[PDB]
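Asker: One structure, pasted below without further comment.
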Amino acid sequence: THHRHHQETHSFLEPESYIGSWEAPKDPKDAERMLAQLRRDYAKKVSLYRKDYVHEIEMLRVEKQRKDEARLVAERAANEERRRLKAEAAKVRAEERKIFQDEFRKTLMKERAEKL
Amino acid sequence: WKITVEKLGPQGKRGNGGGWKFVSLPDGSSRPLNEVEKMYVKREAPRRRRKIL
Amino acid sequence: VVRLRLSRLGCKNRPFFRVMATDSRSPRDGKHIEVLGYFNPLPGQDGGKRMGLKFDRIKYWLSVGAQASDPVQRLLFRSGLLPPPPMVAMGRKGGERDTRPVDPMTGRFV
RNA sequence: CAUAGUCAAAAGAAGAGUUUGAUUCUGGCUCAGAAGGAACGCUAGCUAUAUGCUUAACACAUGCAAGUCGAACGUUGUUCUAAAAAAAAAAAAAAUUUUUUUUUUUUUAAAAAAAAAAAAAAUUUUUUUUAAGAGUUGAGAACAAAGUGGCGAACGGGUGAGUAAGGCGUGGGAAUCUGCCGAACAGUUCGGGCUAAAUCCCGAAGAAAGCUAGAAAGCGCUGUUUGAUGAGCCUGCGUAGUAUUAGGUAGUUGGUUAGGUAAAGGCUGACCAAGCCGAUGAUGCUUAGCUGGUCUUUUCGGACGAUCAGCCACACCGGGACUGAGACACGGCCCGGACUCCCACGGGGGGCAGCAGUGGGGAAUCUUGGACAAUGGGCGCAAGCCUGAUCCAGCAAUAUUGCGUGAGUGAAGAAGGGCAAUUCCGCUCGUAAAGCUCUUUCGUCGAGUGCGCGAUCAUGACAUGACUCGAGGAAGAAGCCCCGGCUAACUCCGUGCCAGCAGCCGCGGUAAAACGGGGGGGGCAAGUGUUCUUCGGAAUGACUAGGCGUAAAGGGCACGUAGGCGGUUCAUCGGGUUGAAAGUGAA
Ligand SMILES: [K+]
Ligand SMILES: [K+]
Ligand SMILES: [K+]
Ligand SMILES: [K+]
Ligand SMILES: [K+]
Ligand SMILES: [K+]
Ligand SMILES: [Mg+2]
Ligand SMILES: [Mg+2]
Ligand SMILES: [Mg+2]
Ligand SMILES: [Mg+2]
Ligand SMILES: [Mg+2]
Ligand SMILES: [Mg+2]
Ligand SMILES: [Mg+2]
Ligand SMILES: [Mg+2]
Ligand SMILES: [Mg+2]
Ligand SMILES: [Mg+2]
Ligand SMILES: [Mg+2]
Ligand SMILES: [Mg+2]
Ligand SMILES: [Mg+2]
Ligand SMILES: [Mg+2]
Ligand SMILES: [Mg+2]
Ligand SMILES: [Mg+2]
Ligand SMILES: [Mg+2]
Ligand SMILES: [Mg+2]
Ligand SMILES: [Mg+2]
Ligand SMILES: [Mg+2]
Ligand SMILES: [Mg+2]
Ligand SMILES: [Mg+2]
Ligand SMILES: [Mg+2]
Ligand SMILES: [Mg+2]
Ligand SMILES: [Mg+2]
Ligand SMILES: [Mg+2]
Ligand SMILES: [Mg+2]
Ligand SMILES: [Mg+2]
Ligand SMILES: [Mg+2]
Ligand SMILES: [Mg+2]
Ligand SMILES: [Mg+2]
Ligand SMILES: [Mg+2]
Ligand SMILES: [Mg+2]
Ligand SMILES: [Mg+2]
Ligand SMILES: [Mg+2]
Ligand SMILES: [Mg+2]
């Protein structure tokens, strides 16, 4: 995600010795056997590379999963604390409300009796 | 021919403007950029402004 | 089969290629699963060609078993994601070359 | 340190002529702009990229468009030949011989090296014939010549007839399948049949299938777990016009039980109940493929769905199923019908809405081209073979902010044309032309290298191209409309309410700036005018952004259904609302 990471974690590779390493055989029926052996050697390196890519993606996925697992419980703890604060705030508001409600109730009974 | 391989995607970002680059010479070896290649990288990037003059 | 192949862009006598992951029965310029990068077949002003690839996505498709076609094998090898193709171990076809130096700005011989 | 850092995502808002003797308002008609899969007139130099039957989903001559595999399998039907490795450059007409070492058999425990006919030698040698249904004939070549079989012809390509929701856009779901491709785990045993065989078919166990020491631990198949990609099914929301169409439905709506499907389900057989849709527009009629998007426009809207890309439907017109992982299958099969062509007259054959191409219709729309070199696809272990997919050429001012048709100088103010109290070289065409100096872009002609480049390990149709150099001479290249007002631009002659012009107001009746010609001038420019279609101007259907006393327009007046709209405080909740994050919004 940065310049330094791609500077320091890039395999820069050496000159490959596989290029132009063919020799001319004396028999055409022999050369095609080495040609097919080169073709057989290519497929083994491909599946070795396939197994190497499978390891890295799974190792990325498990780290992403544990990161999400950490974030979830941090959010659950914070939300439990917020709920605990708000519940007692509602409780003290509900307890302070009743005295004004009761004092309002008495005068309505008083003013209805005087009209009666 | 030589090539200039660019690592596209959000994980291959060299920064705000493009992706990281390397060469990979025809013989199978790869090197970091020269000053000429670094100038090409600098001069082909997008710029975050309206066109002045 | 899922394949990594090239789709043609650009215009007449001016090619450009896009490395795309497509289903094998799709048209050349049609439906695709993902776009993976670009490739410029023409030589640029620096004397070389240009290529960009999405490394994580090509890793994922190779891990689940996509089959690259015959130029994509060459380009993924030169990018260093695949082993070399079998026929590159043969050495170039040598011979004489017209090595007369040419002035780069005017196209006439120096 | 640094291949760091910069926080951009728009622009776009115009008026004029015409009702009246004159005025203001309402209200239409017309014009100035942008554009097109366009057509026609007149006139035309070049390069490149795009585009090109919008009508008859009318009928088609001719050629090409889907094949591949001898590394799955037999058959017959050609051909020419009778152990291996190493060396041969000098002395007294020459392709095949000379020498050494391993190795197989025969002949007499060491050594040697098929039959018939004629000749010679002491069993062999020279020639021929038949050999090889033959006490194993040893190697090589193509077998395409015909077949069985496997994979692919369900991809790619075309058209928009039908379809108003079984489709499409967007987001989801559970009751399913999935050849080829990736990764595990186990097997690939034995009989029979197709003239002959098998990876073809039948059987038994548990499912099967074998090939290759020419591809021997290399291919293939079968079973079981899984990734990935596709496919079947279901669904919430959104998606024409019409009320001068008000009722529609009878397997119709649900239930039970059976059958069927890979899979939920009235999908349908039997039985039971009378439900279901509808004034929030069912049904009937007309029209239409849908989307990403194209043109236009100070945001909104309107017209369109042509090229390209995603989904769907269709393949002469109707109806079926087989094979297959996948079809109810454009160049596969069966049946019916219309048309059409052969026939030896018994009957067969055909479907260009694949690429070229031809009649027909029309105002109008293209070559019966080259190549698989690049990309993509099928078959093949590969080598390779197919590919009117594609790539590239041909035609057409059909489109695009392109380029060129010269740059200077020149007064004998030439000739000629037009006008003139007939003023100022009389005014003008006019420095305009002719002539002189310079340079050759585009085009023309002649040559040269070409791993310049598209392509690399090699493979170049384009390419008679492009690039570089040379020859030349201003040499080959400017028209279309207009000049009364709207609207930039004026004079002479002919006509005489005639001929005629015209987008609107209007001109023409003997001095026409309006008709036709001479001259002169204005605007665009390889274009420029006429017609058709769309948007704007048009606030001229007004959400943005109008109205109803006298101009078009308040129901004769109420009551009420649906709908729409509608007081205060306190508390609870979290569907709308809102903030963040993730997925998605193809190119
Ligand atoms: K209706
Ligand atoms: K879509
Ligand atoms: K049919
Ligand atoms: K090809
Ligand atoms: K034209
Ligand atoms: K000229
Ligand atoms: Mg009046
Ligand atoms: Mg037809
Ligand atoms: Mg076959
Ligand atoms: Mg098809
Ligand atoms: Mg087409
Ligand atoms: Mg269409
Ligand atoms: Mg239709
Ligand atoms: Mg407007
Ligand atoms: Mg529509
Ligand atoms: Mg068409
Ligand atoms: Mg098949
Ligand atoms: Mg079946
Ligand atoms: Mg077919
Ligand atoms: Mg056909
Ligand atoms: Mg055709
Ligand atoms: Mg005609
Ligand atoms: Mg290919
Ligand atoms: Mg293959
Ligand atoms: Mg132009
Ligand atoms: Mg030239
Ligand atoms: Mg030339
Ligand atoms: Mg080349
Ligand atoms: Mg040419
Ligand atoms: Mg004027
Ligand atoms: Mg007159
Ligand atoms: Mg006029
Ligand atoms: Mg006139
Ligand atoms: Mg409007
Ligand atoms: Mg009004
Ligand atoms: Mg009112
Ligand atoms: Mg009234
Ligand atoms: Mg009235
Ligand atoms: Mg409250
Ligand atoms: Mg809420
Ligand atoms: Mg988001
Ligand atoms: Mg997009």
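In the structure tokens, chains take the letters A, B, ... in the order shown, each chain's residues start at 1, and ligands count up from 1 in the order shown.
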What residues in chain B lie within 8 Å of chain D, counting only C-alpha atoms (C1' of nucleotides), written as a PDB file with N, CA, C and O atoms, in the first residue's frame?
Answerer:
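part.pdb, freshly written:
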ATOM      1  N   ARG B  14       1.706   2.646  -5.383  1.00  0.00           N
ATOM      2  CA  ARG B  14       2.901   3.371  -4.978  1.00  0.00           C
ATOM      3  C   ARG B  14       2.578   4.672  -4.264  1.00  0.00           C
ATOM      4  O   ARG B  14       3.490   5.312  -3.733  1.00  0.00           O
ATOM      5  N   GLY B  15       1.318   5.073  -4.246  1.00  0.00           N
ATOM      6  CA  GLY B  15       0.867   6.299  -3.634  1.00  0.00           C
ATOM      7  C   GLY B  15      -0.308   6.851  -4.405  1.00  0.00           C
ATOM      8  O   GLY B  15      -0.819   6.224  -5.331  1.00  0.00           O
ATOM      9  N   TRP B  20       3.030   0.877  -8.415  1.00  0.00           N
ATOM     10  CA  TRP B  20       4.470   0.664  -8.434  1.00  0.00           C
ATOM     11  C   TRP B  20       4.904   0.010  -9.743  1.00  0.00           C
ATOM     12  O   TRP B  20       4.126  -0.660 -10.422  1.00  0.00           O
ATOM     13  N   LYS B  21       6.166   0.226 -10.107  1.00  0.00           N
ATOM     14  CA  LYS B  21       6.674  -0.208 -11.399  1.00  0.00           C
ATOM     15  C   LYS B  21       8.016  -0.910 -11.254  1.00  0.00           C
ATOM     16  O   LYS B  21       8.826  -0.569 -10.390  1.00  0.00           O
ATOM     17  N   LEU B  33      13.837   1.121 -11.381  1.00  0.00           N
ATOM     18  CA  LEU B  33      13.854   2.086 -12.469  1.00  0.00           C
ATOM     19  C   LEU B  33      15.132   2.919 -12.464  1.00  0.00           C
ATOM     20  O   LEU B  33      15.780   3.102 -11.431  1.00  0.00           O
ATOM     21  N   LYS B  38      12.216   6.946 -14.128  1.00  0.00           N
ATOM     22  CA  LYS B  38      11.601   7.707 -13.052  1.00  0.00           C
ATOM     23  C   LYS B  38      11.003   9.019 -13.541  1.00  0.00           C
ATOM     24  O   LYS B  38       9.936   9.419 -13.064  1.00  0.00           O
ATOM     25  N   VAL B  41       7.738   8.063 -15.230  1.00  0.00           N
ATOM     26  CA  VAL B  41       6.735   7.803 -14.202  1.00  0.00           C
ATOM     27  C   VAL B  41       6.198   9.108 -13.636  1.00  0.00           C
ATOM     28  O   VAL B  41       4.987   9.268 -13.455  1.00  0.00           O
ATOM     29  N   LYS B  42       7.085  10.069 -13.377  1.00  0.00           N
ATOM     30  CA  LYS B  42       6.649  11.345 -12.820  1.00  0.00           C
ATOM     31  C   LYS B  42       5.827  12.150 -13.819  1.00  0.00           C
ATOM     32  O   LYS B  42       4.867  12.824 -13.434  1.00  0.00           O
ATOM     33  N   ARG B  47      -2.780  14.741 -12.342  1.00  0.00           N
ATOM     34  CA  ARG B  47      -2.556  15.906 -11.496  1.00  0.00           C
ATOM     35  C   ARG B  47      -3.886  16.443 -11.001  1.00  0.00           C
ATOM     36  O   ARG B  47      -4.841  16.560 -11.769  1.00  0.00           O
ATOM     37  N   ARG B  48      -3.927  16.786  -9.718  1.00  0.00           N
ATOM     38  CA  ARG B  48      -5.173  17.119  -9.033  1.00  0.00           C
ATOM     39  C   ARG B  48      -5.367  18.633  -8.984  1.00  0.00           C
ATOM     40  O   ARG B  48      -5.290  19.273  -7.937  1.00  0.00           O
ATOM     41  N   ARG B  49      -5.632  19.196 -10.159  1.00  0.00           N
ATOM     42  CA  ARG B  49      -5.866  20.623 -10.308  1.00  0.00           C
ATOM     43  C   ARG B  49      -6.538  20.861 -11.648  1.00  0.00           C
ATOM     44  O   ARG B  49      -6.478  20.023 -12.549  1.00  0.00           O
ATOM     45  N   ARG B  50      -7.175  22.019 -11.772  1.00  0.00           N
ATOM     46  CA  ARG B  50      -7.633  22.462 -13.074  1.00  0.00           C
ATOM     47  C   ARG B  50      -6.433  22.866 -13.922  1.00  0.00           C
ATOM     48  O   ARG B  50      -5.341  23.125 -13.414  1.00  0.00           O
TER      49      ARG B  50
END
Asker: For chain B, report every residue with an atom at most 7 Å from chain C (counting only C-alpha atoms), formatted as JSON, numbers by chain.
Answerer: {"B": [1, 2, 3, 4, 5, 6, 7, 8, 9, 24, 28]}
Asker: Taking only segment 22-69 of chain C into account, list the residues labelled strand (DSSP E) by DSSP (computed from the backbone), as a PyMOL selection string.
Answerer: chain C and resi 22-23+34-40+49-54+67-68
Asker: What are the residues of chain A lining chain B at 7 Å or less? Count only C-alpha atoms, and put the answer as a list in words.
Answerer: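 So the contacting residues turn out to be residues 1, 2, 3, 12, 13, 14, 15 and 16 of chain A.
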Asker: Give me, as a list in words, the set of residues whose atoms come within 10 Å of any atom of ligand 16, counting only C-alpha atoms (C1' of nucleotides) and all ligand atoms.
Answerer: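 Result of the 10 Å neighbour search around ligand 16: residues 37, 52, 53, 54, 158, 159, 160, 306 and 307 of chain D.
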Asker: Given a cut-off of 9 Å, which residues of chain A touch chain D, counting only C-alpha atoms (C1' of nucleotides), written out as a list in words?
Answerer: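 Taken together, these residues fit the definition: residues 3, 20, 32, 36, 47, 50, 51, 94, 97 and 101 of chain A.
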Asker: Would you mind exporting the chosen residues as a PDB file, in the first residue's frame, restricted to C-alpha atoms?
Answerer:
ATOM      1  CA  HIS A   3       6.281   2.717  -1.866  1.00  0.00           C
ATOM      2  CA  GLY A  20      18.230 -20.827 -24.863  1.00  0.00           C
ATOM      3  CA  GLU A  32      10.462 -34.784 -29.642  1.00  0.00           C
ATOM      4  CA  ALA A  36       7.571 -33.511 -24.452  1.00  0.00           C
ATOM      5  CA  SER A  47       0.851 -26.928 -10.067  1.00  0.00           C
ATOM      6  CA  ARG A  50      -0.835 -23.187  -7.788  1.00  0.00           C
ATOM      7  CA  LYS A  51      -0.206 -24.762  -4.377  1.00  0.00           C
ATOM      8  CA  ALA A  94     -38.943   8.598  34.618  1.00  0.00           C
ATOM      9  CA  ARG A  97     -41.519  12.946  35.874  1.00  0.00           C
ATOM     10  CA  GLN A 101     -47.611  14.385  36.815  1.00  0.00           C
TER      11      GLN A 101
END
Asker: Could I get the residue neighbourhood of ligand 4 at 10 Å, counting only C-alpha atoms (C1' of nucleotides) and all ligand atoms, as a ChimeraX atom specification?
Answerer: /D:371-377,386-387,390-391
Asker: Residues as selected, C-alpha atoms (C1' of nucleotides), written as a PDB file, in the first residue's frame, can you do that?
Answerer:
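The result, stored in part-v6.pdb:
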ATOM      1  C1'   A D 371      -5.322 -14.481 -45.271  1.00  0.00           C
ATOM      2  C1'   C D 372      -5.437 -17.637 -40.760  1.00  0.00           C
ATOM      3  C1'   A D 373       0.417 -13.402 -39.881  1.00  0.00           C
ATOM      4  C1'   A D 374      -2.174 -11.077 -34.639  1.00  0.00           C
ATOM      5  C1'   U D 375      -6.707 -12.207 -31.027  1.00  0.00           C
ATOM      6  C1'   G D 376     -10.604 -15.797 -29.850  1.00  0.00           C
ATOM      7  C1'   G D 377     -12.735 -20.926 -30.585  1.00  0.00           C
ATOM      8  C1'   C D 386     -10.560 -26.121 -39.775  1.00  0.00           C
ATOM      9  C1'   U D 387     -12.663 -20.993 -38.650  1.00  0.00           C
ATOM     10  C1'   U D 390     -11.985 -11.982 -36.823  1.00  0.00           C
ATOM     11  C1'   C D 391      -7.726  -8.992 -39.095  1.00  0.00           C
TER      12        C D 391
END
Asker: Please run DSSP on the backbone and report, as a list in words, all residues within chain C that come out as helix (DSSP H, G or I).
Answerer: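 Answer for chain C restricted to helix (DSSP H, G or I) is residues 55, 56, 57, 58, 59, 60, 61, 62, 63, 70, 71, 72, 73, 74, 75, 76, 77, 78, 86, 87, 88, 89 and 90 of chain C.
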Asker: List as JSON lines every residue of chain D that is in contact with ligand 19, defined as an atom at most 7 Å from one of its atoms (using only C-alpha atoms (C1' of nucleotides) and all ligand atoms), together with the nearest atom pair and the distance in Å rounded to one decimal, sorted by chain and then rising number.
Answerer:
{"residue": "D:153", "atom": "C1'", "partner": "ligand 19", "partner_atom_place_in_ligand_line": "1 (Mg)", "distance": 5.8}
{"residue": "D:329", "atom": "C1'", "partner": "ligand 19", "partner_atom_place_in_ligand_line": "1 (Mg)", "distance": 5.7}
{"residue": "D:332", "atom": "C1'", "partner": "ligand 19", "partner_atom_place_in_ligand_line": "1 (Mg)", "distance": 6.1}
Asker: If you keep N, CA, C and O atoms (P, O5', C5', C4', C3', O3' and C1' of nucleotides), can you produce a file of those selected residues as a PDB file, in the first residue's frame?
Answerer:
ATOM      1  P     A D 153     -20.384 -27.782 -28.868  1.00  0.00           P
ATOM      2  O5'   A D 153     -20.733 -27.346 -30.356  1.00  0.00           O
ATOM      3  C5'   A D 153     -21.645 -28.106 -31.121  1.00  0.00           C
ATOM      4  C4'   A D 153     -21.605 -27.749 -32.579  1.00  0.00           C
ATOM      5  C3'   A D 153     -22.964 -27.536 -33.225  1.00  0.00           C
ATOM      6  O3'   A D 153     -23.446 -26.216 -33.066  1.00  0.00           O
ATOM      7  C1'   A D 153     -21.701 -29.030 -34.536  1.00  0.00           C
ATOM      8  P     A D 329     -36.659 -26.641 -31.115  1.00  0.00           P
ATOM      9  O5'   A D 329     -35.093 -26.849 -31.320  1.00  0.00           O
ATOM     10  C5'   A D 329     -34.162 -26.288 -30.402  1.00  0.00           C
ATOM     11  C4'   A D 329     -32.771 -26.163 -30.975  1.00  0.00           C
ATOM     12  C3'   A D 329     -32.681 -26.059 -32.494  1.00  0.00           C
ATOM     13  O3'   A D 329     -31.607 -25.186 -32.842  1.00  0.00           O
ATOM     14  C1'   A D 329     -31.440 -27.928 -31.749  1.00  0.00           C
ATOM     15  P     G D 332     -27.027 -29.651 -41.370  1.00  0.00           P
ATOM     16  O5'   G D 332     -28.225 -30.623 -40.965  1.00  0.00           O
ATOM     17  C5'   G D 332     -28.883 -30.496 -39.714  1.00  0.00           C
ATOM     18  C4'   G D 332     -29.043 -31.829 -39.023  1.00  0.00           C
ATOM     19  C3'   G D 332     -30.375 -32.536 -39.213  1.00  0.00           C
ATOM     20  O3'   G D 332     -30.467 -33.245 -40.434  1.00  0.00           O
ATOM     21  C1'   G D 332     -29.799 -32.558 -36.926  1.00  0.00           C
TER      22        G D 332
END
Asker: Within 12 Å of ligand 15, which residues show up when you count only C-alpha atoms (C1' of nucleotides) and all ligand atoms? List them as a list in words, please.
Answerer: residues 168, 239, 240, 287, 288, 289, 290, 291, 303, 304 and 305 of chain D
Asker: Output N, CA, C and O atoms (P, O5', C5', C4', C3', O3' and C1' of nucleotides) for every residue in that selection, as a PDB file, in the first residue's frame.
Answerer:
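Wrote result-v6.pdb, looks like this:
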ATOM      1  P     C D 168     -35.585 -11.843 -19.234  1.00  0.00           P
ATOM      2  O5'   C D 168     -35.343 -10.276 -19.231  1.00  0.00           O
ATOM      3  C5'   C D 168     -34.909  -9.602 -20.397  1.00  0.00           C
ATOM      4  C4'   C D 168     -34.986  -8.113 -20.211  1.00  0.00           C
ATOM      5  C3'   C D 168     -34.240  -7.573 -19.007  1.00  0.00           C
ATOM      6  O3'   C D 168     -32.858  -7.392 -19.249  1.00  0.00           O
ATOM      7  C1'   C D 168     -36.413  -6.659 -19.056  1.00  0.00           C
ATOM      8  P     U D 239     -43.606   2.241 -12.123  1.00  0.00           P
ATOM      9  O5'   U D 239     -43.163   1.603 -13.510  1.00  0.00           O
ATOM     10  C5'   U D 239     -42.226   2.259 -14.348  1.00  0.00           C
ATOM     11  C4'   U D 239     -41.869   1.425 -15.552  1.00  0.00           C
ATOM     12  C3'   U D 239     -43.018   1.024 -16.455  1.00  0.00           C
ATOM     13  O3'   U D 239     -43.431   2.078 -17.304  1.00  0.00           O
ATOM     14  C1'   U D 239     -41.560  -0.815 -16.138  1.00  0.00           C
ATOM     15  P     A D 240     -44.971   2.515 -17.360  1.00  0.00           P
ATOM     16  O5'   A D 240     -45.481   1.956 -18.757  1.00  0.00           O
ATOM     17  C5'   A D 240     -46.776   2.270 -19.233  1.00  0.00           C
ATOM     18  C4'   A D 240     -46.729   2.806 -20.638  1.00  0.00           C
ATOM     19  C3'   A D 240     -48.025   3.409 -21.139  1.00  0.00           C
ATOM     20  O3'   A D 240     -48.180   4.751 -20.726  1.00  0.00           O
ATOM     21  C1'   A D 240     -47.186   1.908 -22.754  1.00  0.00           C
ATOM     22  P     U D 287     -52.064  -2.461 -34.358  1.00  0.00           P
ATOM     23  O5'   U D 287     -50.869  -1.837 -33.511  1.00  0.00           O
ATOM     24  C5'   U D 287     -50.353  -0.551 -33.816  1.00  0.00           C
ATOM     25  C4'   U D 287     -49.405  -0.059 -32.751  1.00  0.00           C
ATOM     26  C3'   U D 287     -48.127  -0.856 -32.571  1.00  0.00           C
ATOM     27  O3'   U D 287     -47.142  -0.560 -33.541  1.00  0.00           O
ATOM     28  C1'   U D 287     -49.071  -0.411 -30.460  1.00  0.00           C
ATOM     29  P     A D 288     -46.158  -1.713 -34.059  1.00  0.00           P
ATOM     30  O5'   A D 288     -45.153  -1.932 -32.852  1.00  0.00           O
ATOM     31  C5'   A D 288     -44.235  -0.918 -32.492  1.00  0.00           C
ATOM     32  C4'   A D 288     -43.623  -1.173 -31.141  1.00  0.00           C
ATOM     33  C3'   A D 288     -42.754  -2.406 -31.009  1.00  0.00           C
ATOM     34  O3'   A D 288     -41.458  -2.223 -31.545  1.00  0.00           O
ATOM     35  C1'   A D 288     -44.191  -2.252 -29.148  1.00  0.00           C
ATOM     36  P     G D 289     -40.810  -3.345 -32.488  1.00  0.00           P
ATOM     37  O5'   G D 289     -40.166  -4.372 -31.463  1.00  0.00           O
ATOM     38  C5'   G D 289     -39.324  -3.915 -30.421  1.00  0.00           C
ATOM     39  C4'   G D 289     -39.518  -4.706 -29.156  1.00  0.00           C
ATOM     40  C3'   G D 289     -38.774  -4.185 -27.941  1.00  0.00           C
ATOM     41  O3'   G D 289     -39.442  -3.120 -27.293  1.00  0.00           O
ATOM     42  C1'   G D 289     -38.406  -6.497 -28.140  1.00  0.00           C
ATOM     43  P     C D 290     -38.610  -1.859 -26.758  1.00  0.00           P
ATOM     44  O5'   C D 290     -37.959  -2.368 -25.401  1.00  0.00           O
ATOM     45  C5'   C D 290     -38.752  -2.586 -24.248  1.00  0.00           C
ATOM     46  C4'   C D 290     -37.922  -3.103 -23.104  1.00  0.00           C
ATOM     47  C3'   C D 290     -36.722  -2.261 -22.722  1.00  0.00           C
ATOM     48  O3'   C D 290     -37.031  -1.130 -21.937  1.00  0.00           O
ATOM     49  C1'   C D 290     -36.053  -4.501 -22.888  1.00  0.00           C
ATOM     50  P     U D 291     -36.179   0.214 -22.127  1.00  0.00           P
ATOM     51  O5'   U D 291     -34.731  -0.159 -21.588  1.00  0.00           O
ATOM     52  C5'   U D 291     -34.502  -0.330 -20.201  1.00  0.00           C
ATOM     53  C4'   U D 291     -33.145  -0.919 -19.910  1.00  0.00           C
ATOM     54  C3'   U D 291     -31.952  -0.005 -20.094  1.00  0.00           C
ATOM     55  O3'   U D 291     -31.790   0.937 -19.053  1.00  0.00           O
ATOM     56  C1'   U D 291     -31.460  -2.124 -20.997  1.00  0.00           C
ATOM     57  P     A D 303     -41.898  11.431 -26.105  1.00  0.00           P
ATOM     58  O5'   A D 303     -41.018  11.217 -27.410  1.00  0.00           O
ATOM     59  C5'   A D 303     -41.419  11.752 -28.661  1.00  0.00           C
ATOM     60  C4'   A D 303     -40.295  11.701 -29.663  1.00  0.00           C
ATOM     61  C3'   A D 303     -39.685  10.335 -29.918  1.00  0.00           C
ATOM     62  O3'   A D 303     -40.439   9.525 -30.799  1.00  0.00           O
ATOM     63  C1'   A D 303     -37.963  11.886 -29.564  1.00  0.00           C
ATOM     64  P     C D 304     -40.524   7.942 -30.545  1.00  0.00           P
ATOM     65  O5'   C D 304     -39.046   7.429 -30.813  1.00  0.00           O
ATOM     66  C5'   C D 304     -38.505   7.431 -32.122  1.00  0.00           C
ATOM     67  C4'   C D 304     -37.012   7.230 -32.098  1.00  0.00           C
ATOM     68  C3'   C D 304     -36.525   5.838 -31.753  1.00  0.00           C
ATOM     69  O3'   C D 304     -36.615   4.919 -32.826  1.00  0.00           O
ATOM     70  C1'   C D 304     -35.274   7.422 -30.547  1.00  0.00           C
ATOM     71  P     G D 305     -37.105   3.412 -32.556  1.00  0.00           P
ATOM     72  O5'   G D 305     -35.884   2.721 -31.802  1.00  0.00           O
ATOM     73  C5'   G D 305     -34.593   2.703 -32.393  1.00  0.00           C
ATOM     74  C4'   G D 305     -33.570   2.012 -31.530  1.00  0.00           C
ATOM     75  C3'   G D 305     -33.876   0.558 -31.181  1.00  0.00           C
ATOM     76  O3'   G D 305     -32.711  -0.242 -31.382  1.00  0.00           O
ATOM     77  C1'   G D 305     -33.425   1.801 -29.202  1.00  0.00           C
TER      78        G D 305
END
Asker: Which residues are near segment 15-29 of chain C? Cut-off 7 Å, only C-alpha atoms (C1' of nucleotides), ignore same chain within fewer than 2 positions. Put them as a ChimeraX atom specification.
Answerer: /C:1-11,13,31-41 /D:155,376
Asker: Give one line per residue of chain D that approaches ligand 34 to at most 10 Å, naming the two atoms of the closest pair and their distance in Å to one decimal, counting only C-alpha atoms (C1' of nucleotides) and all ligand atoms; sort by chain then ascending residue number and deliver it as JSON lines.
Answerer:
{"residue": "D:297", "atom": "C1'", "partner": "ligand 34", "partner_atom_place_in_ligand_line": "1 (Mg)", "distance": 9.3}
{"residue": "D:300", "atom": "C1'", "partner": "ligand 34", "partner_atom_place_in_ligand_line": "1 (Mg)", "distance": 9.9}
{"residue": "D:301", "atom": "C1'", "partner": "ligand 34", "partner_atom_place_in_ligand_line": "1 (Mg)", "distance": 7.7}
{"residue": "D:302", "atom": "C1'", "partner": "ligand 34", "partner_atom_place_in_ligand_line": "1 (Mg)", "distance": 8.4}
{"residue": "D:535", "atom": "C1'", "partner": "ligand 34", "partner_atom_place_in_ligand_line": "1 (Mg)", "distance": 9.8}
{"residue": "D:536", "atom": "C1'", "partner": "ligand 34", "partner_atom_place_in_ligand_line": "1 (Mg)", "distance": 8.4}
{"residue": "D:537", "atom": "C1'", "partner": "ligand 34", "partner_atom_place_in_ligand_line": "1 (Mg)", "distance": 9.7}
{"residue": "D:538", "atom": "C1'", "partner": "ligand 34", "partner_atom_place_in_ligand_line": "1 (Mg)", "distance": 6.3}
{"residue": "D:539", "atom": "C1'", "partner": "ligand 34", "partner_atom_place_in_ligand_line": "1 (Mg)", "distance": 8.0}
{"residue": "D:540", "atom": "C1'", "partner": "ligand 34", "partner_atom_place_in_ligand_line": "1 (Mg)", "distance": 8.1}
{"residue": "D:541", "atom": "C1'", "partner": "ligand 34", "partner_atom_place_in_ligand_line": "1 (Mg)", "distance": 9.0}
{"residue": "D:542", "atom": "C1'", "partner": "ligand 34", "partner_atom_place_in_ligand_line": "1 (Mg)", "distance": 8.4}
{"residue": "D:545", "atom": "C1'", "partner": "ligand 34", "partner_atom_place_in_ligand_line": "1 (Mg)", "distance": 9.9}
Asker: Which protein, DNA or RNA residues have an atom within 12 Å of ligand 29, counting only C-alpha atoms (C1' of nucleotides) and all ligand atoms, as a list in words?
Answerer: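 Here is the list of contacting residues: residues 47, 48, 392, 393, 394, 462, 463, 464, 465 and 466 of chain D.
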Asker: Quick one: pull the distance between atom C1' of residue 126 of chain D and atom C1' of residue 112 of chain D, Å, one decimal.
Answerer: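 Here the two named atoms are 24.2 Å from each other.
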Asker: Write out as a list in words each polymer residue (protein, DNA or RNA) that has an atom no more than 12 Å from ligand 5, with only C-alpha atoms (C1' of nucleotides) and all ligand atoms counted.
Answerer: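 Those within range of ligand 5 are residues 38, 39, 40, 41, 42, 43, 44, 396, 397, 398, 399, 526, 527, 528, 529 and 530 of chain D.
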